[PDB]
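*Asks:* Before I ask anything, here is the structure I am working with.
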Amino acid sequence: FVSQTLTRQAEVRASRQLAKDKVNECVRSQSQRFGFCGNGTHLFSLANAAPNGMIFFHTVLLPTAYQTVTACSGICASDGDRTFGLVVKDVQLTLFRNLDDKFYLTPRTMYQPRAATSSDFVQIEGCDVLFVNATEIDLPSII
Amino acid sequence: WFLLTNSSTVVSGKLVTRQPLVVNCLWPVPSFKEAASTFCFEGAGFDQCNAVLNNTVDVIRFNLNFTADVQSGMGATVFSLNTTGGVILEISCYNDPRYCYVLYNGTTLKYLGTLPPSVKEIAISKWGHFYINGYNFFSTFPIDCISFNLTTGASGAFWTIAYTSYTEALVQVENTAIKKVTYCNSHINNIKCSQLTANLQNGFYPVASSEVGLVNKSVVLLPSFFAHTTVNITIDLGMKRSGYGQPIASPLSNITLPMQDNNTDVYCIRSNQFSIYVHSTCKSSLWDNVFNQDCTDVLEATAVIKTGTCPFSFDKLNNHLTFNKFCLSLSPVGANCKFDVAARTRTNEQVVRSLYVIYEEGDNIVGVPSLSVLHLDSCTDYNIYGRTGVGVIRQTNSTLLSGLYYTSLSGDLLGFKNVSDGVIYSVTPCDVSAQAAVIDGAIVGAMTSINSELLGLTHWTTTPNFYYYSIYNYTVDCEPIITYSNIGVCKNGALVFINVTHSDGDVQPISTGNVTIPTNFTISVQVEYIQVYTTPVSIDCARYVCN
Amino acid sequence: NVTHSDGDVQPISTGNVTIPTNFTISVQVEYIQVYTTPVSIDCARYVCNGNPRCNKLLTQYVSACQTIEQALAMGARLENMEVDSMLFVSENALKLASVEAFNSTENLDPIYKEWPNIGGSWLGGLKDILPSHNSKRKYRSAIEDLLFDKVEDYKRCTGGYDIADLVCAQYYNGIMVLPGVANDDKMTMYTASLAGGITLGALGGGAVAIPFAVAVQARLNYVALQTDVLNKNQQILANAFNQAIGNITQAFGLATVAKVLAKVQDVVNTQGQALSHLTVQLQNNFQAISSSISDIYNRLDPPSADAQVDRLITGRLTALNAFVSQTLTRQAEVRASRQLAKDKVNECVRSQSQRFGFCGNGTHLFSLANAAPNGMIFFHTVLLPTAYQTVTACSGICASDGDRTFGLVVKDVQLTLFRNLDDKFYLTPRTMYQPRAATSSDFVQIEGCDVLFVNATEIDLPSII
Amino acid sequence: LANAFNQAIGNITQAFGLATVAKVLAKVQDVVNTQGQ
Amino acid sequence: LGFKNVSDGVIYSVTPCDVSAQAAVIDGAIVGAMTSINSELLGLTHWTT
Amino acid sequence: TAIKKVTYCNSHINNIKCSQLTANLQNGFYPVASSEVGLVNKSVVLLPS
Amino acid sequence: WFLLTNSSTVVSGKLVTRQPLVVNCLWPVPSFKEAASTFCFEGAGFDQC
Ligand SMILES: *[C@@H]1O[C@H](CO)[C@@H](O[C@@H]2O[C@H](CO)[C@@H](O[C@@H]3O[C@H](CO)[C@@H](O)[C@H](O)[C@@H]3O)[C@H](O)[C@H]2NC(C)=O)[C@H](O)[C@H]1NC(C)=O
Ligand SMILES: *[C@@H]1O[C@H](CO)[C@@H](O[C@@H]2O[C@H](CO)[C@@H](O[C@@H]3O[C@H](CO)[C@@H](O)[C@H](O)[C@@H]3O)[C@H](O)[C@H]2NC(C)=O)[C@H](O)[C@H]1NC(C)=O
Ligand SMILES: *[C@@H]1O[C@H](CO)[C@@H](O[C@@H]2O[C@H](CO)[C@@H](O)[C@H](O)[C@H]2NC(C)=O)[C@H](O)[C@H]1NC(C)=O
Ligand SMILES: *[C@@H]1O[C@H](CO)[C@@H](O[C@@H]2O[C@H](CO)[C@@H](O)[C@H](O)[C@H]2NC(C)=O)[C@H](O)[C@H]1NC(C)=O
Ligand SMILES: *[C@@H]1O[C@H](CO)[C@@H](O[C@@H]2O[C@H](CO)[C@@H](O)[C@H](O)[C@H]2NC(C)=O)[C@H](O)[C@H]1NC(C)=O
Ligand SMILES: *[C@@H]1O[C@H](CO)[C@@H](O[C@@H]2O[C@H](CO)[C@@H](O)[C@H](O)[C@H]2NC(C)=O)[C@H](O)[C@H]1NC(C)=O
Ligand SMILES: *[C@@H]1O[C@H](CO)[C@@H](O[C@@H]2O[C@H](CO)[C@@H](O)[C@H](O)[C@H]2NC(C)=O)[C@H](O)[C@H]1NC(C)=O
Ligand SMILES: *[C@@H]1O[C@H](CO)[C@@H](O[C@@H]2O[C@H](CO)[C@@H](O)[C@H](O)[C@H]2NC(C)=O)[C@H](O)[C@H]1NC(C)=O
Ligand SMILES: *[C@@H]1O[C@H](CO)[C@@H](O[C@@H]2O[C@H](CO)[C@@H](O)[C@H](O)[C@H]2NC(C)=O)[C@H](O)[C@H]1NC(C)=O
Ligand SMILES: *[C@@H]1O[C@H](CO)[C@@H](O[C@@H]2O[C@H](CO)[C@@H](O)[C@H](O)[C@H]2NC(C)=O)[C@H](O)[C@H]1NC(C)=O
Ligand SMILES: *[C@@H]1O[C@H](CO)[C@@H](O[C@@H]2O[C@H](CO)[C@@H](O)[C@H](O)[C@H]2NC(C)=O)[C@H](O)[C@H]1NC(C)=O
Ligand SMILES: *[C@@H]1O[C@H](CO)[C@@H](O[C@@H]2O[C@H](CO)[C@@H](O)[C@H](O)[C@H]2NC(C)=O)[C@H](O)[C@H]1NC(C)=O
Ligand SMILES: *[C@@H]1O[C@H](CO)[C@@H](O[C@@H]2O[C@H](CO)[C@@H](O)[C@H](O)[C@H]2NC(C)=O)[C@H](O)[C@H]1NC(C)=O
Ligand SMILES: *[C@@H]1O[C@H](CO)[C@@H](O)[C@H](O)[C@H]1NC(C)=O
Ligand SMILES: *[C@@H]1O[C@H](CO)[C@@H](O)[C@H](O)[C@H]1NC(C)=O
Ligand SMILES: *[C@@H]1O[C@H](CO)[C@@H](O)[C@H](O)[C@H]1NC(C)=O
Ligand SMILES: *[C@@H]1O[C@H](CO)[C@@H](O)[C@H](O)[C@H]1NC(C)=O
Ligand SMILES: *[C@@H]1O[C@H](CO)[C@@H](O)[C@H](O)[C@H]1NC(C)=O
Ligand SMILES: *[C@@H]1O[C@H](CO)[C@@H](O)[C@H](O)[C@H]1NC(C)=O
Ligand SMILES: *[C@@H]1O[C@H](CO)[C@@H](O)[C@H](O)[C@H]1NC(C)=O
Ligand SMILES: *[C@@H]1O[C@H](CO)[C@@H](O)[C@H](O)[C@H]1NC(C)=O
Ligand SMILES: *[C@@H]1O[C@H](CO)[C@@H](O)[C@H](O)[C@H]1NC(C)=O
Ligand SMILES: *[C@@H]1O[C@H](CO)[C@@H](O)[C@H](O)[C@H]1NC(C)=O
Ligand SMILES: *[C@@H]1O[C@H](CO)[C@@H](O)[C@H](O)[C@H]1NC(C)=O
Ligand SMILES: *[C@@H]1O[C@H](CO)[C@@H](O)[C@H](O)[C@H]1NC(C)=O
Ligand SMILES: *[C@@H]1O[C@H](CO)[C@@H](O)[C@H](O)[C@H]1NC(C)=O
């Protein structure tokens, strides 16, 4: 009896650590661990008591449809005889060009676009083959 | 109604038990009627029935409030019992509270006690056991017929008499009372009894694919010379009466073995085959030990031999038990075990003598009932080179050069060789395990290895690793209720196979061409349980071990 | 001795510091168990081998069989649900997830017309990880075939065509091994889909692919923003990868490979022995004249035969209870390792983790996975530095305008500020030497200056304020 | 989002009195049964 | 646990004369105990419920 | 093979020490019997005859 | 050559067993020869090896 009891206590100790991590990362904070707080994009968690433990209610965002945009890997710009590239400073954002030919940035988790500005770009020495050529019309808003 | 027990009583809980809950006949008694009749177990009349099942009755139940209103037409006598010796016993209450006694000729044999003011049930089994409120308070000799004449008279109370038989059932008890009875009489009810559950949850349950009983016997033994001996053991029983009149079997009873080597004291099998019989002779005597009278009345006795300390029974020596040596003796010198020789009478069986056995396990000598009879392609009770069991024996086209027989890791026989031509036979079980698919309290199908009808299921289909029997009309696109792995079973018994969940896919960190960004959102709530703590138990070691 | 290393890079921006610069590829391999192989036991048949008389005695122990069967059935049910909720596929990813798909051009998006196929450079390694049609069984990778080669039907058990083998012999004793093939097939599709999705351009519809090298470059930008766009360092990483997989495939057919092989065979050996141990106990005559119930009933009359069978019944129920306890203990063990396997897929394969040291030893770039007996194999591809670049760091900049003095500090705590040979200010991430010129939006203006700050001059000011 | 949430909880509460609910109920009763036995 | 008197139907209960108890030991001495029986034990005379 | 310390099992606290094979108990809770018995009346109940 | 047993026969598997597998002498017999001799266990001739 004692051996079986001690074995189960070790088992539960491990599941307690998991319950504790779930409270601290899903309920008391906003976790950056993909897939941890349920299947989907985590929004918030609530909890209830249960016999010998607890119940977690993971509220997640579920997409029903996707928006297509035309993305750019970077922008190729020039001033006089000097050519250089501009790339997005924040690697988590997608750069795309709107119907107004203006540059926008959007996070990949939700279609929440904002106009791009100069502080969002990093200037580097060259341009890749997938870069889009900038014109005088765009330059004042991106440099 | 109460459960019948020989010892302690269950206050609450579910138990599978053998109880007289089958009703052959129910005889209700009106408020002002005399329940007077004569009942016999071995062929009841069944004329007063409220469905009637015509069979032998095991128990008669009197379900009435034996208050101070219940009177008998026989006066003091409540019951009159006709037992197997032609003997009449009476159960009677007197007012010198009503005190019940067991009587024979007019004198009292036992005092049972007074009747409690709270008696709701009396059951009399044919083996003489009397149950009051479920408890076996007293017993008599086996009963053939019970006479009774019971009435509540002017009280205007009603009651019933039930004629019942024993069966296995799952019974739910609460406060020492029956609340629910489920009979173990169907394919679904057998699962309920096995699971101690009157209401099964949806799922799969292990069952036997079939039952067996009544088979041919198959015997395979290595060839030898036919050399058969009949061994006639004669037992002369000495019977005398004791002061109470019951029989006593004398220690002076004699055992005579067949004669061997002039002397008789000892006898040995010196043949290849043999059969042993016991011939019973009875003589009676007075008290001077003069066994010159015939046995009659009660001093009638049959000589029988019991097992005693031997790893075999005397009566089974006529099967196909084998030995290298086997001797009987009337003197314990070299004996390996002994048999108990007894005088069996109408009731009591008592030991008079011991018979000593000397033996060595082996195969030179075989007992016989009067061989190599093998029954193929059918279920048989076999004895093959000393290995016994039940199964189906088939001829195979395999070849194994070495050995006589082959067994499994569990010790079971898997096959054997015919020494006359090298043919290999395989041996398989007549019945196998199967998984019954149970949905909403019914069997809708089953998983089996044998292509044979089971559990009342007649329709079937063949899948890659099993046969599936069902209620579904087999010669589906339905939702499964119960599932394991990729196998699901639908409400209508249909079997379906289950794929793996599909999704659109993960959004990748691509910013190079056309890309899709999740846009239109809703809410999904997922629920999970995690165990945090156990319920600790503190044990007092000394008290647990030493109460 | 104990392994030596150079040491961890610290968040120091105060003097001379070293930033990892010249990188190659290292591939680490690990095995995690996901599921056990469940066994369903027929209690009555195991204890009472089809004997109607033993079966009656056994009803006195009806609660013992109920507990044994319920415990095993519930364990298997819970495990089944846990696995079904873990494994899934994407139809488009699964279309791309094959060697033949990767070696073709037809599934590639037109803007990549300058690339011959998907992952051409990386194919020399991927070919042994991705599923192939020209393989054993169906749709498995070269490595999976090696693992499974190194390490079921019941219809045939009632045929009577030959003498039964070990599996049918166990079946006859009430021991059924539940199908695990489906879990093997599901795992193969699961891991293949995860790999295929790396190169899947969009989730709208259409197995439209991007190059593997393009997908890899995206992962490099998560490690550190890449500025040397004119430095085609990708061929080097691809070559190192292909060689690493070559050595791993050869090793299976490298300390990490030895560890995987040891763990995988221990899992199969444990399950085998645990169940064979159950069968040997049926030869045990628990102080009885025989271990065979049928032999007892053919030798003794019921008054004595039942006494002998009763000894076997209690002995066998005890052995059977021991089996169940061991089985349940292992299922709990595996449940814990399943959570780890699930976390590894979600954080190493399906996303870019920020947990240091989680996805192998080194700087994580990407992970691939394969199926294995009772679990899966993870291939952790990490960046391994061979040399470091020294820079002279500044803790901050001390600036002045007229009589007002103030400090400028770097807004992003993960970057090192250093001064170049041109006396210009640059910022670089500490994980890779990938410097960019500093600008005004990268600094925070604070009230004072520390003693470790560098004094700015009129030449720098226009670029940092 | 609020409406979708309210409906989801409605279905969960009803289910207790949804594969995730079935899993919770199975695990919770297994814990109490194991300790009892 | 109990029995019936066959003469009148009265039920009797049977309990242990002694039960397990938890002694509270601090710095080598018993300072109290947890018990189901309202009776002095271990030399302890004061109590609360 | 020499005696260094003897604790007698002659008190409520010393009985715990003997049971625990410990001459110096750590703070905590210990299972004990609430009482001892000895010297009692005999009670016999049998069915009438 | 076969393994010698008193009971059941092993179909497959590895076993540690005591068997007459040590060869003191091997006497081959030609296609047309009579293997006629007298053999004693307690001191064999061993002339045809
Ligand atoms: C209370 O205990 C007694 C003895 O321990 C049990 O007595 C036995 O009862 C069974 C079933 O009624 C009798 O079975 C019958 O055996 C004959 C063979 O002689 C067979 O031909 C019949 O078909 C039937 O199977 C058995 O003879 C009897 N033995 C006795 C009188 O000692 C009694 O069953 C137990 N009752 C309860 C409710 O627990
Ligand atoms: C088959 O079973 C028989 C009996 O169960 C075994 O018989 C025994 O065989 C052994 C080894 O050949 C004999 O050992 C010898 O014992 C003498 C002592 O008397 C000793 O001096 C010799 O050096 C040697 O150890 C033993 O006497 C013999 N006993 C008999 C004949 O019953 C037989 O070994 C088993 N054979 C196989 C293949 O399983
Ligand atoms: C997101 O949801 C909105 C609302 O349903 C969609 O907008 C509608 O789209 C249909 C079909 O083209 C039009 O007929 C309606 O007039 C639109 N409504 C409004 C208010 O604009 C939108 O298309 C969805 N977006 C995606 C990517 O699925
Ligand atoms: C059952 O008992 C009653 C007595 O309580 C029997 O009825 C009596 O029978 C005798 C003989 O014929 C008559 O002299 C009495 O006058 C009857 N008494 C009454 C009240 O009528 C009855 O016969 C018995 N039944 C059976 C089947 O024996
Ligand atoms: C073992 O094999 C032998 C040899 O084939 C079987 O003997 C034959 O049985 C057939 C069918 O009755 C007879 O017609 C032959 O004459 C028998 N041959 C001889 C030489 O007797 C034998 O029956 C098989 N043993 C069992 C138990 O089936
Ligand atoms: C994780 O959640 C996603 C939803 O975000 C599930 O994906 C959906 O699955 C259903 C099939 O049951 C499809 O009809 C939907 O079109 C899918 N939607 C999306 C956006 O993929 C996914 O199946 C869940 N994971 C598991 C293991 O069940
Ligand atoms: C991205 O998707 C759009 C579709 O919305 C593509 O646009 C079409 O391109 C073809 C070129 O053959 C034109 O003939 C069509 O008129 C375009 N418009 C529409 C509304 O379909 C676009 O080419 C795709 N581009 C990239 C880089 O992925
Ligand atoms: C983790 O990986 C690092 C490589 O990044 C290992 O460090 C190398 O170890 C070898 C000795 O086997 C040295 O010769 C190299 O110079 C080390 N390189 C660096 C950059 O430190 C490290 O040993 C690995 N960790 C463990 C536990 O083995
Ligand atoms: C950082 O390292 C450089 C070496 O690359 C040091 O530069 C040398 O400093 C000494 C000062 O005694 C000069 O004499 C040398 O000429 C310098 N140049 C070279 C190429 O060695 C520098 O001093 C170190 N500084 C800090 C703050 O760590
Ligand atoms: C990728 O496809 C090419 C063909 O386009 C394969 O190369 C051919 O391999 C066959 C042998 O099976 C040779 O007979 C041909 O001559 C080769 N052709 C060329 C152009 O090299 C190549 O092996 C495939 N690679 C993989 C990993 O499948
Ligand atoms: C195992 O890795 C080694 C590198 O450490 C591989 O050897 C290299 O092979 C390439 C050709 O593909 C040569 O150009 C290099 O010069 C070799 N380097 C060394 C140090 O030998 C080796 O081929 C790999 N093993 C397998 C099976 O691919
Ligand atoms: C990173 O690797 C490059 C290439 O090997 C190194 O650059 C070479 O360094 C040697 C030694 O000073 C010079 O002789 C070569 O001419 C350099 N090659 C080129 C193309 O510049 C570089 O020094 C390494 N950097 C570090 C920090 O180890
Ligand atoms: C379970 O969820 C469904 C939605 O999937 C709920 O049904 C909706 O109920 C609202 C009213 O509150 C209606 O306006 C919607 O049209 C319904 N939708 C569908 C598809 O039927 C359902 O009420 C929820 N169950 C519970 C108990 O709340
Ligand atoms: C940008 O301009 C150059 C000429 O300087 C041209 O070769 C290149 O193709 C242009 N890029 C794009 C995307 O059109
Ligand atoms: C008792 O039964 C016997 C039959 O065995 C019968 O001859 C006898 O008359 C019966 N006696 C009574 C009082 O019923
Ligand atoms: C009953 O007892 C009397 C005593 O007077 C005796 O004469 C008679 O024979 C006995 N009856 C039986 C059946 O033994
Ligand atoms: C005996 O064997 C025959 C086949 O020859 C079969 O038809 C019959 O049913 C069997 N009888 C029994 C009782 O098993
Ligand atoms: C045993 O008795 C029977 C019946 O009287 C007889 O047929 C048989 O021959 C006897 N056996 C011997 C050996 O006398
Ligand atoms: C048995 O034989 C003895 C003589 O040895 C004899 O006195 C006795 O009466 C016999 N017993 C029986 C029951 O025949
Ligand atoms: C016993 O057998 C012997 C021969 O061994 C014979 O001479 C003698 O007459 C026999 N005696 C009896 C009484 O059988
Ligand atoms: C035995 O017969 C079966 C047909 O039922 C056949 O498939 C199998 O190959 C045969 N085996 C041998 C050894 O002849
Ligand atoms: C099963 O389907 C066949 C084909 O339509 C039909 O003839 C048969 O009667 C059906 N059986 C039952 C039980 O419905
Ligand atoms: C998916 O399952 C459905 C039946 O539910 C079946 O029609 C279809 O062929 C299956 N597809 C796969 C991927 O096996
Ligand atoms: C490391 O091990 C080597 C031998 O492999 C030995 O020469 C050296 O002294 C050891 N150094 C340490 C740290 O013990
Ligand atoms: C910055 O200038 C001050 C004088 O205003 C001087 O004391 C200080 O040492 C200078 N800092 C550095 C790094 O030279
Ligand atoms: C016997 O019972 C009486 C109560 O009637 C009680 O006072 C007395 O102490 C008991 N004696 C013993 C030795 O238990």
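Naming scheme: A, B, ... for chains in displayed order of the structure tokens; residues 1 onward per chain; ligands 1 onward as shown.
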Which residues are close to region 446-460 of chain B, i.e. within 8 Å by only C-alpha atoms, leaving aside same-chain residues fewer than 4 positions away? Reply as JSON, numbers by chain.
*Replies:* {"B": [187, 209, 210, 432, 433, 434, 435, 436, 437, 466, 467, 468, 469, 470, 471, 472, 473, 474, 475], "C": [154, 155, 156, 157, 158]}
*Asks:* Using the selection just defined, write its residues with N, CA and C atoms as a PDB file, in the first residue's frame.
*Replies:*
```pdb
ATOM      1  N   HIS B 187     -27.477 -11.952 -22.861  1.00  0.00           N
ATOM      2  CA  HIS B 187     -26.137 -11.528 -23.239  1.00  0.00           C
ATOM      3  C   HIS B 187     -25.783 -10.167 -22.649  1.00  0.00           C
ATOM      4  N   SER B 209     -16.799 -15.404 -26.593  1.00  0.00           N
ATOM      5  CA  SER B 209     -17.494 -15.503 -27.863  1.00  0.00           C
ATOM      6  C   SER B 209     -18.533 -16.618 -27.862  1.00  0.00           C
ATOM      7  N   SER B 210     -18.364 -17.589 -26.968  1.00  0.00           N
ATOM      8  CA  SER B 210     -19.264 -18.729 -26.876  1.00  0.00           C
ATOM      9  C   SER B 210     -19.091 -19.495 -25.579  1.00  0.00           C
ATOM     10  N   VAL B 432     -13.079 -18.017 -27.812  1.00  0.00           N
ATOM     11  CA  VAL B 432     -12.088 -16.971 -27.667  1.00  0.00           C
ATOM     12  C   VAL B 432     -12.681 -15.733 -27.030  1.00  0.00           C
ATOM     13  N   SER B 433     -11.820 -14.814 -26.614  1.00  0.00           N
ATOM     14  CA  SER B 433     -12.273 -13.540 -26.090  1.00  0.00           C
ATOM     15  C   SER B 433     -12.850 -12.695 -27.213  1.00  0.00           C
ATOM     16  N   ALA B 434     -13.791 -11.824 -26.884  1.00  0.00           N
ATOM     17  CA  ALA B 434     -14.361 -10.914 -27.866  1.00  0.00           C
ATOM     18  C   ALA B 434     -14.712  -9.587 -27.213  1.00  0.00           C
ATOM     19  N   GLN B 435     -14.753  -8.523 -28.001  1.00  0.00           N
ATOM     20  CA  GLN B 435     -15.109  -7.211 -27.457  1.00  0.00           C
ATOM     21  C   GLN B 435     -16.518  -6.814 -27.846  1.00  0.00           C
ATOM     22  N   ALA B 436     -17.416  -6.753 -26.875  1.00  0.00           N
ATOM     23  CA  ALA B 436     -18.788  -6.388 -27.154  1.00  0.00           C
ATOM     24  C   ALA B 436     -18.914  -4.880 -27.187  1.00  0.00           C
ATOM     25  N   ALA B 437     -19.553  -4.361 -28.218  1.00  0.00           N
ATOM     26  CA  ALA B 437     -19.792  -2.936 -28.355  1.00  0.00           C
ATOM     27  C   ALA B 437     -21.148  -2.616 -27.766  1.00  0.00           C
ATOM     28  N   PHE B 466      -9.848  -8.419 -37.794  1.00  0.00           N
ATOM     29  CA  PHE B 466     -10.946  -9.039 -37.044  1.00  0.00           C
ATOM     30  C   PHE B 466     -12.237  -9.187 -37.840  1.00  0.00           C
ATOM     31  N   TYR B 467     -13.146 -10.009 -37.332  1.00  0.00           N
ATOM     32  CA  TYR B 467     -14.486 -10.079 -37.889  1.00  0.00           C
ATOM     33  C   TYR B 467     -15.380  -9.200 -37.054  1.00  0.00           C
ATOM     34  N   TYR B 468     -16.314  -8.514 -37.688  1.00  0.00           N
ATOM     35  CA  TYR B 468     -17.223  -7.686 -36.923  1.00  0.00           C
ATOM     36  C   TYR B 468     -18.659  -8.123 -37.096  1.00  0.00           C
ATOM     37  N   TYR B 469     -19.276  -8.483 -35.984  1.00  0.00           N
ATOM     38  CA  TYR B 469     -20.665  -8.898 -35.961  1.00  0.00           C
ATOM     39  C   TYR B 469     -21.529  -7.761 -35.501  1.00  0.00           C
ATOM     40  N   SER B 470     -22.736  -7.675 -36.036  1.00  0.00           N
ATOM     41  CA  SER B 470     -23.586  -6.549 -35.722  1.00  0.00           C
ATOM     42  C   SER B 470     -25.077  -6.778 -35.861  1.00  0.00           C
ATOM     43  N   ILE B 471     -25.801  -5.716 -35.519  1.00  0.00           N
ATOM     44  CA  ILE B 471     -27.239  -5.616 -35.686  1.00  0.00           C
ATOM     45  C   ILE B 471     -27.536  -4.866 -36.981  1.00  0.00           C
ATOM     46  N   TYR B 472     -26.495  -4.234 -37.524  1.00  0.00           N
ATOM     47  CA  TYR B 472     -26.571  -3.487 -38.770  1.00  0.00           C
ATOM     48  C   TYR B 472     -26.692  -4.496 -39.913  1.00  0.00           C
ATOM     49  N   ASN B 473     -27.508  -4.135 -40.936  1.00  0.00           N
ATOM     50  CA  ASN B 473     -27.758  -5.085 -42.046  1.00  0.00           C
ATOM     51  C   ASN B 473     -26.579  -5.122 -43.043  1.00  0.00           C
ATOM     52  N   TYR B 474     -25.618  -6.003 -42.734  1.00  0.00           N
ATOM     53  CA  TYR B 474     -24.445  -6.303 -43.565  1.00  0.00           C
ATOM     54  C   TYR B 474     -24.770  -7.463 -44.507  1.00  0.00           C
ATOM     55  N   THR B 475     -24.173  -7.448 -45.709  1.00  0.00           N
ATOM     56  CA  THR B 475     -24.369  -8.477 -46.734  1.00  0.00           C
ATOM     57  C   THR B 475     -23.204  -9.489 -46.695  1.00  0.00           C
TER      58      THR B 475
ATOM     59  N   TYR C 154      -5.811 -11.013 -35.551  1.00  0.00           N
ATOM     60  CA  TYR C 154      -6.224 -12.146 -34.735  1.00  0.00           C
ATOM     61  C   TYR C 154      -7.054 -13.173 -35.501  1.00  0.00           C
ATOM     62  N   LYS C 155      -7.423 -12.885 -36.746  1.00  0.00           N
ATOM     63  CA  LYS C 155      -8.262 -13.808 -37.519  1.00  0.00           C
ATOM     64  C   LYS C 155      -7.538 -15.128 -37.720  1.00  0.00           C
ATOM     65  N   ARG C 156      -6.249 -15.032 -37.968  1.00  0.00           N
ATOM     66  CA  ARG C 156      -5.415 -16.201 -38.208  1.00  0.00           C
ATOM     67  C   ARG C 156      -5.288 -17.166 -37.016  1.00  0.00           C
ATOM     68  N   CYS C 157      -5.536 -16.711 -35.788  1.00  0.00           N
ATOM     69  CA  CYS C 157      -5.345 -17.457 -34.541  1.00  0.00           C
ATOM     70  C   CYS C 157      -6.362 -18.551 -34.392  1.00  0.00           C
ATOM     71  N   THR C 158      -7.412 -18.556 -35.183  1.00  0.00           N
ATOM     72  CA  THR C 158      -8.423 -19.576 -35.074  1.00  0.00           C
ATOM     73  C   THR C 158      -8.503 -20.381 -36.360  1.00  0.00           C
TER      74      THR C 158
END
```
*Asks:* Please, which residues in chain C fall within 7 Å of chain B when counting only C-alpha atoms, and what is the closest atom pair and distance in Å to one decimal for each, ordered by chain then residue number, as a tab-separated table?
*Replies:*
```
residue	atom	partner	partner_atom	distance
C:42	CA	B:206	CA	6.0
C:62	CA	B:194	CA	6.4
C:66	CA	B:195	CA	5.5
C:80	CA	B:484	CA	6.6
C:88	CA	B:501	CA	4.7
C:89	CA	B:502	CA	5.0
C:90	CA	B:503	CA	5.1
C:91	CA	B:502	CA	6.8
C:152	CA	B:465	CA	6.4
C:153	CA	B:465	CA	4.1
C:154	CA	B:449	CA	5.5
C:155	CA	B:449	CA	4.5
C:158	CA	B:450	CA	6.3
C:160	CA	B:426	CA	5.9
C:161	CA	B:396	CA	5.3
C:162	CA	B:396	CA	5.8
C:163	CA	B:426	CA	5.6
C:164	CA	B:414	CA	6.5
C:169	CA	B:408	CA	6.3
C:172	CA	B:432	CA	6.7
C:174	CA	B:433	CA	6.2
C:182	CA	B:486	CA	6.4
C:186	CA	B:500	CA	6.9
C:201	CA	B:515	CA	6.6
C:202	CA	B:515	CA	5.3
C:203	CA	B:504	CA	6.0
C:204	CA	B:516	CA	6.7
C:218	CA	B:509	CA	6.5
C:279	CA	B:410	CA	5.5
C:280	CA	B:410	CA	5.7
C:282	CA	B:410	CA	5.2
C:283	CA	B:410	CA	5.6
C:289	CA	B:311	CA	6.5
C:294	CA	B:389	CA	5.4
C:295	CA	B:388	CA	5.8
C:298	CA	B:316	CA	6.9
C:299	CA	B:312	CA	4.9
C:300	CA	B:313	CA	4.7
C:301	CA	B:313	CA	6.1
```
*Asks:* Using only C-alpha atoms, which protein or nucleic acid residues come within 12 Å of residue 3 (chain G)? Drop anything in the same chain fewer than 6 positions from it, and give the result as a list in words.
*Replies:*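 These residues fall inside the cut-off: residues 401, 402 and 403 of chain B; 9, 10, 11, 12, 15, 16, 17, 18, 19, 20 and 21 of chain G.
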